[PDB]
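Read the single chain below, which is given as structure tokens and is the form deposited in one PDB entry.
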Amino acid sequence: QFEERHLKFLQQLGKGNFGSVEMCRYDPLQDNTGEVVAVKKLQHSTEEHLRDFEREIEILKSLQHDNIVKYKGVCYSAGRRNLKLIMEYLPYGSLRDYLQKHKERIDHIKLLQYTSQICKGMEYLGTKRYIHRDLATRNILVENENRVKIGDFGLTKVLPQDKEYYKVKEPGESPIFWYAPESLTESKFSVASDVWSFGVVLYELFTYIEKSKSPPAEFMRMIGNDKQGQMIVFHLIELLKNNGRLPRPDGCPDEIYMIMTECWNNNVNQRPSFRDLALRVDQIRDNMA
């Protein structure tokens, strides 16, 4: 629906796993009344990466929800090379940077508002049998001080119709410090592993992205920064199997940390559902106010 002729590059917002996002202005009338949008593109437009990207575009086009970033369309060069994904532009950036910038103004009730919105988005994903796999505060965008949206689906996979997990081991490597143990061991991704990584997201939120307190920093301090390469993963594995966990962030109430640790259950079936998570978070929020 979008003509590359009319996309005006303004800035690069960020570059991730094989892709980049740019702030552009769609101005077809050339009269500077066009709207600012986000444009996602691939940087090695391989045929693998391109059909992965087309599956991602279909997934996003199929999602409609207040806490999911709005798909707007696609734009492709002459022929079908240089496929680009057009999305709404959220003006406050990732939840990670936003939380780091306004940490003295954002109180715990606000953190829980964000948490509840994240779990409603994730529950919508699950009702569509989608597994996000990559959920992290860097992937959560801020539309304004009262609304956040899950903002990238480059790793989202559709569950097989006959099973509740999806096995995928991708070249290059991903956020091991957000990954469930079964995803480190057997490359199994499921709603429950998304729940584990939501627990890590909640941890993130209550650390306010303090420098010492990132999951990579805490985990590599717990396993020792002396170790190298592949062995990192191995040690992480057993750190998780001896119930080594991320610590309670400073100032976090014990019930929020208990939600965190309950999503960090080694037993995949004993992890809470996103609807129960929203329930508990909304009732804690109600209690605080």
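Note that the rigid core is defined as the largest set of C-alphas that superpose within 1.5 Å between two forms. In case it trips you up, residue 1 is the first one in the sequence shown, and so on.
**Student:** Is residue 164 missing in a third or more of the other PDB entries that were compared?
**Tutor:** Comparison shows residue 164 dropped in at least a third of the other entries.
**Student:** Is residue 272 one of the residues left unmodelled in a third or more of the other entries compared?
**Tutor:** Residue 272: modelled in every other compared entry.
**Student:** Can you let me know which of the two, 186-194 or 161-169, has the higher average C-alpha B-factor in the entry?
**Tutor:** Taking the mean B-factor of the alpha carbons in each, 161-169 is higher.
**Student:** Out of 76-84 and 203-211, which one has CA B-factors that are higher on average in the deposited record?
**Tutor:** Per the PDB entry, the higher value belongs to 76-84.
**Student:** Quick one: which of 43, 62, 261, 67 has the biggest Cα B-factor according to the entry?
**Tutor:** Within the set 43, 62, 261, 67, 43 shows the top C-alpha B-factor.
**Student:** Highest Cα B-factor in the deposition, which of 57, 252, 37, 233?
**Tutor:** Within the set 57, 252, 37, 233, 233 shows the top C-alpha B-factor.
**Student:** Rank-wise, by C-alpha B-factor, drop residue 271 into the lowest, middle or highest third of its chain.
**Tutor:** For residue 271, the deposited C-alpha B-factor lands in the lowest third.
**Student:** Would you mind ranking residue 105 by its C-alpha B-factor against the rest of the chain and naming the third, lowest, middle or highest?
**Tutor:** Highest third, going by the recorded CA B-factors of the chain.
**Student:** Comparing residue 218 with the other modelled residues of its chain, is its CA B-factor in the lowest, middle or highest third?
**Tutor:** Highest third - that is where residue 218 ends up once the chain's C-alpha B-factors are sorted.
**Student:** Check where residue 17 lands among this chain's C-alpha B-factors and tell me if it's the lowest, middle or highest third.
**Tutor:** Ranked within chain, residue 17 CA B lands in the highest tercile.
**Student:** Considering only modelled residues of the same chain, in which third does the CA B-factor of residue 174 rank: lowest, middle or highest?
**Tutor:** It falls in the top third of the chain.
Although not depicted, the form deposited in another entry is the subject of the following passage.
**Student:** Once you align the rigid core, which of 212, 77, 146, 127 turns out to move its Cα at least 2 Å between this form and the one not shown?
**Tutor:** Among the listed residues, the outlier is 77.
**Student:** After core superposition, I'd like to know whether residue 17 moves between this form and the one not shown (criterion: C-alpha shift of 2 angstroms or more).
**Tutor:** It does, since the residue 17 C-alpha is displaced 2 Å or more between this form and the one not shown after the core fit.
**Student:** With the core lined up, does the C-alpha of residue 28 move 2 Å or more between this form and the one not shown?
**Tutor:** True for residue 28: a C-alpha shift of 2 Å or more.
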